[PDB]
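K.L.:
Once you've had a glance at the structure underneath, I'll fire off some questions.
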Amino acid sequence: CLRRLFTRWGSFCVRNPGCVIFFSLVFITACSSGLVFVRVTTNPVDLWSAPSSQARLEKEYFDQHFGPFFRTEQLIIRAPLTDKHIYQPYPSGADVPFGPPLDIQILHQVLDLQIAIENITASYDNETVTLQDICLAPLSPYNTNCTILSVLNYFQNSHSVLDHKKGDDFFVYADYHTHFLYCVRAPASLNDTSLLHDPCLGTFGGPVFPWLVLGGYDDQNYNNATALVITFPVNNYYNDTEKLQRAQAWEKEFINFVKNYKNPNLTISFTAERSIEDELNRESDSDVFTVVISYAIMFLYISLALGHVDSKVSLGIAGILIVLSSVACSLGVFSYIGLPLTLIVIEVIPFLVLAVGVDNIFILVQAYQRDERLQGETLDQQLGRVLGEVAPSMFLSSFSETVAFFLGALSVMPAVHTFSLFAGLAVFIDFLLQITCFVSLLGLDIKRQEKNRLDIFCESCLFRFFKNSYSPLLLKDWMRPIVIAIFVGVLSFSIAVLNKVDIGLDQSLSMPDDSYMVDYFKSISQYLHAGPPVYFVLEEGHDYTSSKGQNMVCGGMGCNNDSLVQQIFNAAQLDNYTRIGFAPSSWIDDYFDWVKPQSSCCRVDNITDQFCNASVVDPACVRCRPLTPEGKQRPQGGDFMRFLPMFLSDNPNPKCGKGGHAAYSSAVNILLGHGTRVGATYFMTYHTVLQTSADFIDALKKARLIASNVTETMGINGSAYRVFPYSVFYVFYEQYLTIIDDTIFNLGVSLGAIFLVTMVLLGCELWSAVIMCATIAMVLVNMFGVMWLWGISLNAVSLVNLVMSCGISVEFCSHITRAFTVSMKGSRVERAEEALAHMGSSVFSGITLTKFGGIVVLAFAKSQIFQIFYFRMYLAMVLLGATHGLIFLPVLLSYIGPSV
Ligand SMILES: *[C@@H]1O[C@H](CO)[C@@H](O[C@@H]2O[C@H](CO)[C@@H](O)[C@H](O[C@H]3O[C@H](CO)[C@@H](O)[C@H](O)[C@@H]3O)[C@H]2NC(C)=O)[C@H](O)[C@H]1NC(C)=O
Ligand SMILES: *[C@@H]1O[C@H](CO)[C@@H](O[C@@H]2O[C@H](CO)[C@@H](O[C@H]3O[C@H](CO)[C@@H](O)[C@H](O)[C@@H]3O)[C@H](O)[C@H]2NC(C)=O)[C@H](O)[C@H]1NC(C)=O
Ligand SMILES: *[C@@H]1O[C@H](CO)[C@@H](O[C@@H]2O[C@H](CO)[C@@H](O)[C@H](O)[C@H]2NC(C)=O)[C@H](O)[C@H]1NC(C)=O
Ligand SMILES: *[C@@H]1O[C@H](CO)[C@@H](O)[C@H](O)[C@H]1NC(C)=O
Ligand SMILES: *[C@@H]1O[C@H](CO)[C@@H](O)[C@H](O)[C@H]1NC(C)=O
Ligand SMILES: *[C@@H]1O[C@H](CO)[C@@H](O)[C@H](O)[C@H]1NC(C)=O
Ligand SMILES: *[C@@H]1O[C@H](CO)[C@@H](O)[C@H](O)[C@H]1NC(C)=O
Ligand SMILES: *[C@@H]1O[C@H](CO)[C@@H](O)[C@H](O)[C@H]1NC(C)=O
Ligand SMILES: *[C@@H]1O[C@H](CO)[C@@H](O)[C@H](O)[C@H]1NC(C)=O
Ligand SMILES: *[C@@H]1O[C@H](CO)[C@@H](O)[C@H](O)[C@H]1NC(C)=O
Ligand SMILES: *[C@@H]1O[C@H](CO)[C@@H](O)[C@H](O)[C@H]1NC(C)=O
């Protein structure tokens, strides 16, 4: 039926070509109008996460009480030019060694450097920004000293306490070696036991646990350390753009300072939480020139290879501008609606629309070239008749592609969702502006060609032959079998080695050639002993103010054995398996060890009933919990809620402990209502060393396994609350937990669409379709085989290029399958030969441009992500699809093709 519409409308475009060029122009301008309007290129690195994914819902929950996870700037600083030294104690005998970085004159230099960094000036909003402004001080009143994780916080960042020495000039009863050896074993104390005194706390960045500052030490003896780790945590509050940016500026001066810092006594590594999203943007420039010159070669070929100085140069340029017009239109309307225009979309979309649109251009133009007008036939009748001969094919392919991509936007991997929207529309708009504006400006170049005026100013060429000779050899029953054998061999190969495909991005690979983050990843895998931290979160609803409520969560001292912190501790004994690193560091156990009557920590005034200090003189401040036998037991009743806010207001006092303001302040949520209640909580620990792309995934899986294992044991009946873990990266690496099923779903959905449209549209009869769909399945399976053979991973980028791949293979298989299915020659081999000579000779010119671009793409692409993912998968899709469409599909139709 469509033949009437495409014929009559083609005649229309030939008669009156003004209304269609002008109509289409109004369309284009109307969409590009929205282009520059929005053009919001998303870039926060949660674009790899789904807004409904359990990981991002968990993040949106953890942002309720601690808000965001802090930015982290780190330094692995090591001493290369200083040998070890030996500490011999005095009365007791137990010699200890001290590694290179633990020399004292070095620790002085580390202190001068850390003080220099501790105050760096930066300009934001035409103002001035200091570290103290933006780093988190766990006590906004009291001392606003900033958290700073170094071994030097054992010595309170002062050279006096470092050079402390107790003993006469000759012997040394207890120097800094003894203080260090004491703190690394109990870093939550305010009073050393060796000297008269000192404190193992610091400039109050909390109790400096020894694993976050030491590196390269063997096992438990930290003294054998070989590198110092220094961690500055800075606030993040993603919920704001004002101050996050000034933080980014402070880091921007920071990095330049550390890089331009000479100290031959030390070799340094470091990291700002923007360094990745910075050097990555740096690498996203090395290829741009190569991409543009690639498009110059494709454009140039398109201009040249058209027709037999009457070259259709202006026609090729025009069709190009129509394709670019289609891209700008799609990005336009979708921007208008509000679609974050990601970068991968900028790499894929113009390549796609350029390839397919160019193919349509060649089908049409070449179709007219091989046609010769009849006796008294007219231009309207001729170009209209050809437009009918071809149009339902271009509409078939482009339509199945559009519904395929659009239907592809159904998953939640956002990189493929945004893509499938943009492309799913851009293909359609390309077909509109292509069958309307392009053909109507094709009649113009026709009349110019027949009135002898030059194209730019004012038979059958070759590949018709080349395919009239290629088409017979390929399917003389002498050779048919051989071809089927080759393709079944390759397909069997890929079927075999598709399982051993690598899941996940190799973060060390994604960095520029000689960036600094590479040395940072290596120096992490070498020395470091702790990984990212995890916040085992207990949601609202737990009793807490009860025996069985505490024992379900409390740790040790009669607190079950399946309790939460007992679960994380037992899970930490096997660190290199259950990737849970170290001790859990609970609040409720410290609270219990704080209200304790034997402590003089908690005291309330006898007469104002207000909480007395731990350091105050207490004339009348009596103890919170009496020294009865029952009073020494944990606060079971509402007294729990009575004293808990005082603990979370209490501060480090040398007559008491670290108090709750230290770290459990921003950890315990006190819900106010019907008295009081305890909301959500967390138990901060640290993952083991995570380096491999499989490491992170294993850590997330096992951590959530601990979450569920605890949740069943908390005797809970229903989704009233769970115990999920949060970390920096669970958001980024939860997407790999379902990549298998999401890939299968998406490719099966695109295949279901293409098969449906090819079934119903291309008349009927399945076999016409099922042959095509099956051939596409071959294209994808062999594509996976290339991934394995060429070392290509299976992340969101490669997946996007797979969806696109199944997209463009339709441009090969579809026009051939149509040209075959609607034909009446004396043999099936005849129809396959013709369908391979007419359409095939044109599809092969919707190829050699993308191949002649795949050439130059490699020749200077520096980004190894580009060389590995985009170039290699592009090459595999073009050669693989082309061979599977112009070599295999004819032979297959020559035996199973339908008969008419
Ligand atoms: C890692 O740490 C352990 C312990 O801190 C180191 O073992 C110690 O090695 C040195 C010897 O070079 C000494 O500090 C100490 O041994 C002394 O005492 C005995 C007394 O009989 C004598 O036999 C010793 O070898 C030496 O005189 C060791 N201490 C212990 C507890 O074993 C170990 O060498 C360190 N390794 C590295 C690579 O630094
Ligand atoms: C899991 O944790 C450790 C992390 O890899 C792993 O390594 C052990 O600890 C250190 C390296 O961190 C090394 O142990 C060293 O101890 C002796 C002293 O007897 C030293 O002379 C040598 O350095 C020795 O290699 C080892 O590399 C290794 N082994 C031991 C015994 O400590 C642990 O092995 C892992 N443990 C478990 C239970 O999984
Ligand atoms: C953070 O606070 C502690 C105490 O609240 C500071 O320790 C004091 O340091 C200054 C020296 O510059 C003097 O007030 C005293 O020598 C210290 N007092 C005590 C009680 O130790 C610490 O210096 C502060 N942080 C920084 C970076 O100065
Ligand atoms: C550190 O370097 C300075 C100057 O290069 C030098 O004077 C000092 O001795 C070095 N430190 C040590 C422990 O040698
Ligand atoms: C930065 O502040 C530190 C103390 O916080 C001080 O020692 C240092 O001199 C300051 N830097 C400058 C350039 O004034
Ligand atoms: C920043 O603001 C001050 C006062 O508003 C002004 O004097 C100064 O010139 C500004 N900075 C620059 C670089 O102009
Ligand atoms: C540490 O404890 C000892 C023993 O009671 C005491 O003499 C000393 O003053 C304490 N240190 C501080 C800083 O109070
Ligand atoms: C807790 O104790 C029971 C027996 O009392 C034991 O079967 C169980 O395994 C223990 N918990 C763990 C985590 O092993
Ligand atoms: C309570 O203790 C804090 C910290 O130990 C101290 O700064 C404050 O002065 C004390 N309260 C009073 C009223 O002195
Ligand atoms: C507390 O007050 C009571 C009366 O309210 C008095 O009998 C008692 O001696 C006081 N004790 C202290 C330690 O102040
Ligand atoms: C985890 O759950 C299993 C049964 O689902 C239970 O037997 C076990 O005690 C729980 N705790 C562990 C394994 O620590």
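By convention here, the chains of the structure tokens are called A, B, ... in the order presented, each chain's residues are numbered starting at 1, and ligands are numbered starting at 1 in the order presented.
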Taking only C-alpha atoms and all ligand atoms into account, list the residues no farther than 7 Å from ligand 8, as an NGL selection string.

P.N.:
:A and (561-562 or 567)

K.L.:
Grab the residues selected above and save them as an mmCIF file, in the first residue's frame with N, CA and C atoms.

P.N.:
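Below is the file part_22.cif, written as the result:
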```cif
data_model
loop_
_atom_site.group_PDB
_atom_site.id
_atom_site.type_symbol
_atom_site.label_atom_id
_atom_site.label_comp_id
_atom_site.auth_asym_id
_atom_site.auth_seq_id
_atom_site.Cartn_x
_atom_site.Cartn_y
_atom_site.Cartn_z
ATOM 1 N N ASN A 561 25.919 -13.791 70.338
ATOM 2 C CA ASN A 561 27.084 -13.966 69.484
ATOM 3 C C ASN A 561 26.755 -13.684 68.025
ATOM 4 N N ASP A 562 25.476 -13.560 67.670
ATOM 5 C CA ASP A 562 25.062 -13.177 66.330
ATOM 6 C C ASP A 562 24.732 -11.691 66.238
ATOM 7 N N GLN A 567 28.861 -9.722 64.486
ATOM 8 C CA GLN A 567 28.848 -10.252 63.129
ATOM 9 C C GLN A 567 29.937 -9.611 62.279
#
```

K.L.:
Per DSSP on the backbone, filter region 597-766 of chain A down to the residues in strand (DSSP E or B) and report them as a ChimeraX atom specification.

P.N.:
/A:603-605,611-612,621-623,670-672,676-678,681-686,725-726

K.L.:
Neighbouring residues of ligand 3 are defined here as those with any atom at most 9 Å from a ligand atom, counting only C-alpha atoms and all ligand atoms; list them as a list in words.

P.N.:
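Residues satisfying the distance criterion: residues 115, 118, 142, 143, 144, 145, 146, 156, 157, 158, 199, 202, 203 and 204 of chain A.
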
K.L.:
Extract the full set of alpha helix (DSSP H) residues from region 309-344 of chain A according to DSSP on the backbone, and format it as an MDAnalysis selection string.

P.N.:
chainID A and resid 313:337 343:344

K.L.:
Please determine, counting only C-alpha atoms, which residue among A:165, A:527, A:836, A:8 has the shortest atom-to-atom distance to residue 78 (chain A).

P.N.:
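Ranked by minimum distance to residue 78 (chain A), first place goes to A:527.
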
K.L.:
Tell me which of A:685, A:809, A:651, A:150 sits closest to residue 614 (chain A), counting only C-alpha atoms.

P.N.:
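Of the candidates, the smallest distance to residue 614 (chain A) is held by A:651.
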
K.L.:
All residues within 6 Å of ligand 4 are required, counting only C-alpha atoms and all ligand atoms; please report them as JSON, numbers by chain.

P.N.:
{"A": [105, 106, 265]}

K.L.:
Just write the chosen residues, C-alpha atoms, as a CSV table (one decimal), in the first residue's frame.

P.N.:
```
chain,number,residue,atom,x,y,z
A,105,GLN,CA,64.2,14.1,61.3
A,106,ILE,CA,61.9,12.8,58.6
A,265,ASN,CA,64.2,13.2,51.2
```

K.L.:
For ligand 5, list the contacting residues at 9 Å or closer, counting only C-alpha atoms and all ligand atoms, as a CSV table (one decimal) with C-alpha atoms, in the first residue's frame.

P.N.:
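Generated file (out_24.csv):
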```csv
chain,number,residue,atom,x,y,z
A,112,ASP,CA,56.3,21.0,58.1
A,115,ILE,CA,51.4,22.3,58.3
A,116,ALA,CA,52.0,23.9,54.9
A,117,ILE,CA,49.0,21.9,53.4
A,118,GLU,CA,47.0,22.5,56.6
A,119,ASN,CA,46.8,26.2,55.5
A,120,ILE,CA,46.6,26.8,51.7
A,121,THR,CA,44.9,29.9,50.3
A,130,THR,CA,41.2,28.2,53.8
A,132,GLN,CA,39.9,25.2,58.2
```

K.L.:
When the cut-off is 10 Å and you count only C-alpha atoms and all ligand atoms, which residues lie near ligand 10, shown as a list in words?

P.N.:
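Counting only C-alpha atoms and all ligand atoms, the residues within 10 Å of ligand 10 come out as residues 604, 605, 606, 607, 618, 619, 620, 621, 622 and 623 of chain A.
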
K.L.:
Any residue with an atom at most 12 Å from ligand 6 counts, using only C-alpha atoms and all ligand atoms. Which are they? Put them as an NGL selection string.

P.N.:
:A and (123-128)

K.L.:
May I have the residues within 9 Å of ligand 11, computed using only C-alpha atoms and all ligand atoms, as JSON, numbers by chain?

P.N.:
{"A": [561, 562, 563, 566, 567, 570, 571, 705, 706, 708, 709, 710, 711, 712, 713]}

K.L.:
Neighbours of region 180-197 of chain A within 6 Å (only C-alpha atoms; same-chain residues fewer than 3 positions away dropped), as a VMD selection string?

P.N.:
chain A and resid 176 to 177 200 to 201 207 210 654

K.L.:
Would you list the contacts of residue 766 (chain A) as a ChimeraX atom specification, taking every protein, DNA or RNA residue within 12 Å and counting only C-alpha atoms, but skipping same-chain residues closer than 3 positions in sequence?

P.N.:
/A:754-763,769-774,817,821,896-898

K.L.:
Grab the residues selected above and save them as a PDB file, in the first residue's frame with C-alpha atoms.

P.N.:
```pdb
ATOM      1  CA  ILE A 754      13.149  -5.853  14.829  1.00  0.00           C
ATOM      2  CA  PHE A 755      11.650  -9.308  14.330  1.00  0.00           C
ATOM      3  CA  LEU A 756       8.116  -8.023  14.984  1.00  0.00           C
ATOM      4  CA  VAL A 757       8.338  -5.022  12.641  1.00  0.00           C
ATOM      5  CA  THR A 758      10.100  -7.129  10.023  1.00  0.00           C
ATOM      6  CA  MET A 759       7.354  -9.758  10.328  1.00  0.00           C
ATOM      7  CA  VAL A 760       4.274  -7.510  10.179  1.00  0.00           C
ATOM      8  CA  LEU A 761       5.695  -4.755   7.968  1.00  0.00           C
ATOM      9  CA  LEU A 762       7.526  -6.839   5.339  1.00  0.00           C
ATOM     10  CA  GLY A 763       4.228  -8.398   4.328  1.00  0.00           C
ATOM     11  CA  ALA A 769      12.168 -12.187   9.545  1.00  0.00           C
ATOM     12  CA  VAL A 770      13.499 -15.126  11.606  1.00  0.00           C
ATOM     13  CA  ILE A 771      16.356 -15.450   9.106  1.00  0.00           C
ATOM     14  CA  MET A 772      17.246 -11.786   9.652  1.00  0.00           C
ATOM     15  CA  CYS A 773      16.822 -11.871  13.443  1.00  0.00           C
ATOM     16  CA  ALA A 774      18.930 -15.038  13.596  1.00  0.00           C
ATOM     17  CA  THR A 817      15.997  -9.430   3.220  1.00  0.00           C
ATOM     18  CA  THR A 821      11.372 -11.500  -0.040  1.00  0.00           C
ATOM     19  CA  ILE A 896      15.774 -21.208   3.424  1.00  0.00           C
ATOM     20  CA  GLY A 897      14.429 -17.992   1.856  1.00  0.00           C
ATOM     21  CA  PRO A 898      10.687 -17.782   1.206  1.00  0.00           C
TER      22      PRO A 898
END
```

K.L.:
Quick one: residues within 12 Å of ligand 9, with only C-alpha atoms and all ligand atoms, as a CSV table (one decimal) with N, CA and C atoms, in the first residue's frame?

P.N.:
```
chain,number,residue,atom,x,y,z
A,139,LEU,N,33.6,19.0,65.9
A,139,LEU,CA,33.1,19.8,67.0
A,139,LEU,C,33.1,21.2,66.5
A,141,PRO,N,31.4,23.9,67.8
A,141,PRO,CA,31.9,24.7,69.0
A,141,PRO,C,33.2,24.1,69.5
A,142,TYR,N,33.6,24.4,70.7
A,142,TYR,CA,34.8,23.9,71.3
A,142,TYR,C,36.0,24.3,70.3
A,143,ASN,N,36.8,23.4,69.9
A,143,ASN,CA,37.9,23.6,69.0
A,143,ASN,C,37.4,23.2,67.6
A,601,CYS,N,32.7,9.4,84.4
A,601,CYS,CA,32.4,10.1,83.2
A,601,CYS,C,31.2,10.9,83.2
A,602,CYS,N,30.0,10.3,83.5
A,602,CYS,CA,28.7,10.9,83.5
A,602,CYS,C,28.4,11.4,84.9
A,603,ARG,N,28.2,12.7,85.1
A,603,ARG,CA,27.7,13.3,86.4
A,603,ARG,C,26.7,14.4,86.1
A,605,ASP,N,24.3,17.5,87.9
A,605,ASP,CA,24.4,18.4,89.1
A,605,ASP,C,23.2,18.1,90.0
A,610,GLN,N,21.3,19.6,85.5
A,610,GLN,CA,22.0,19.7,84.2
A,610,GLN,C,23.2,18.8,84.3
A,611,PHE,N,23.6,18.3,83.1
A,611,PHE,CA,24.7,17.4,83.0
A,611,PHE,C,26.0,18.1,83.4
A,612,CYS,N,26.7,17.6,84.4
A,612,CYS,CA,28.0,18.1,84.8
A,612,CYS,C,29.1,17.5,83.9
A,613,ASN,N,30.2,18.2,83.8
A,613,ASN,CA,31.3,17.8,83.0
A,613,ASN,C,32.0,16.6,83.6
A,614,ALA,N,33.0,16.1,82.9
A,614,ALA,CA,33.9,15.1,83.5
A,614,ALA,C,35.1,15.8,84.1
A,615,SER,N,35.4,17.0,83.7
A,615,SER,CA,36.6,17.7,84.2
A,615,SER,C,36.2,18.8,85.3
A,616,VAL,N,35.0,19.0,85.6
A,616,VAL,CA,34.5,20.0,86.5
A,616,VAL,C,34.7,19.5,88.0
A,617,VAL,N,34.6,20.4,88.9
A,617,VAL,CA,35.1,20.2,90.3
A,617,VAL,C,34.0,19.4,91.1
A,618,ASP,N,32.8,19.3,90.6
A,618,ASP,CA,31.7,18.7,91.1
A,618,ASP,C,31.5,18.8,92.7
A,646,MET,N,23.5,13.5,76.6
A,646,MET,CA,24.7,14.0,77.3
A,646,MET,C,26.0,13.4,76.8
A,649,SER,N,26.9,14.9,73.7
A,649,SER,CA,27.4,16.2,73.9
A,649,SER,C,28.7,16.3,74.6
A,650,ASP,N,29.0,15.2,75.3
A,650,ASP,CA,30.3,15.1,76.1
A,650,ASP,C,31.5,15.2,75.1
A,651,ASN,N,32.6,15.7,75.6
A,651,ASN,CA,33.8,16.0,74.8
A,651,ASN,C,35.0,15.2,75.4
A,652,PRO,N,36.1,15.1,74.7
A,652,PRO,CA,37.3,14.5,75.2
A,652,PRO,C,37.7,15.2,76.5
A,653,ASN,N,37.7,14.4,77.6
A,653,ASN,CA,38.2,14.9,78.9
A,653,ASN,C,39.2,13.8,79.4
A,654,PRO,N,40.4,14.2,79.9
A,654,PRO,CA,41.4,13.3,80.4
A,654,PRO,C,40.9,12.5,81.6
A,655,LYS,N,39.9,13.0,82.3
A,655,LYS,CA,39.3,12.3,83.4
A,655,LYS,C,38.3,11.3,82.9
A,656,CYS,N,37.8,11.4,81.7
A,656,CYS,CA,36.9,10.4,81.1
A,656,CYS,C,37.5,9.9,79.8
A,657,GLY,N,36.7,9.7,78.7
A,657,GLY,CA,37.2,9.2,77.5
A,657,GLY,C,37.2,10.2,76.3
A,658,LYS,N,36.9,9.7,75.1
A,658,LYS,CA,36.7,10.5,74.0
A,658,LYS,C,35.3,11.2,73.9
A,659,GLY,N,34.3,10.6,74.5
A,659,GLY,CA,33.0,11.1,74.5
A,659,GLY,C,32.3,10.9,73.2
A,661,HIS,N,30.7,13.3,71.2
A,661,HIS,CA,30.9,14.3,70.2
A,661,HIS,C,32.0,14.0,69.2
A,662,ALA,N,32.9,13.1,69.6
A,662,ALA,CA,34.1,12.7,68.9
A,662,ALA,C,33.8,12.2,67.5
```

K.L.:
When distances are computed from only C-alpha atoms, which of A:347, A:811, A:46, A:639 shows the smallest separation from residue 595 (chain A)?

P.N.:
A:639

K.L.:
With only C-alpha atoms as the atoms that count, which of A:398, A:281, A:434, A:41 lies nearest to residue 331 (chain A)?

P.N.:
A:41

K.L.:
Taking only C-alpha atoms and all ligand atoms into account, which residues have an atom no farther than 9 Å from ligand 1? I'd like them as a PyMOL selection string.

P.N.:
chain A and resi 84+86-88+93-99+217-225

K.L.:
When you look at residue 392 (chain A) with a cut-off of 8 Å (counting only C-alpha atoms), what residues show up, excluding the ones that are within fewer than 2 positions of it in the same chain? I need them as an MDAnalysis selection string.

P.N.:
chainID A and resid 2:3 6 388:390 394:396

K.L.:
Kindly assemble as a tab-separated table a list of the chain A residues that lie within 8 Å of ligand 2, each paired with its nearest atom pair and their distance in Å to one decimal, using only C-alpha atoms and all ligand atoms, sorted first by chain and then by ascending residue number.

P.N.:
```
residue	atom	partner	partner_atom_place_in_ligand_line	distance
A:216	CA	ligand 2	12 (O)	7.7
A:217	CA	ligand 2	12 (O)	6.9
A:218	CA	ligand 2	12 (O)	4.5
A:219	CA	ligand 2	9 (O)	4.4
A:529	CA	ligand 2	4 (C)	7.8
A:573	CA	ligand 2	38 (C)	7.5
A:574	CA	ligand 2	39 (O)	6.0
A:575	CA	ligand 2	1 (C)	6.3
A:576	CA	ligand 2	1 (C)	5.0
A:577	CA	ligand 2	39 (O)	7.2
```

K.L.:
Please build the interface table for region 88-162 of chain A against region 51-74 of chain A with a cut-off of 10 Å, listing for each qualifying residue the nearest atom pair and the distance in Å to one decimal; count only C-alpha atoms, order rows by chain and increasing number, and write it as a Markdown table.

P.N.:
```
| residue | atom | partner | partner_atom | distance |
| --- | --- | --- | --- | --- |
| A:135 | CA | A:70 | CA | 8.9 |
| A:136 | CA | A:70 | CA | 8.4 |
| A:149 | CA | A:74 | CA | 9.2 |
```
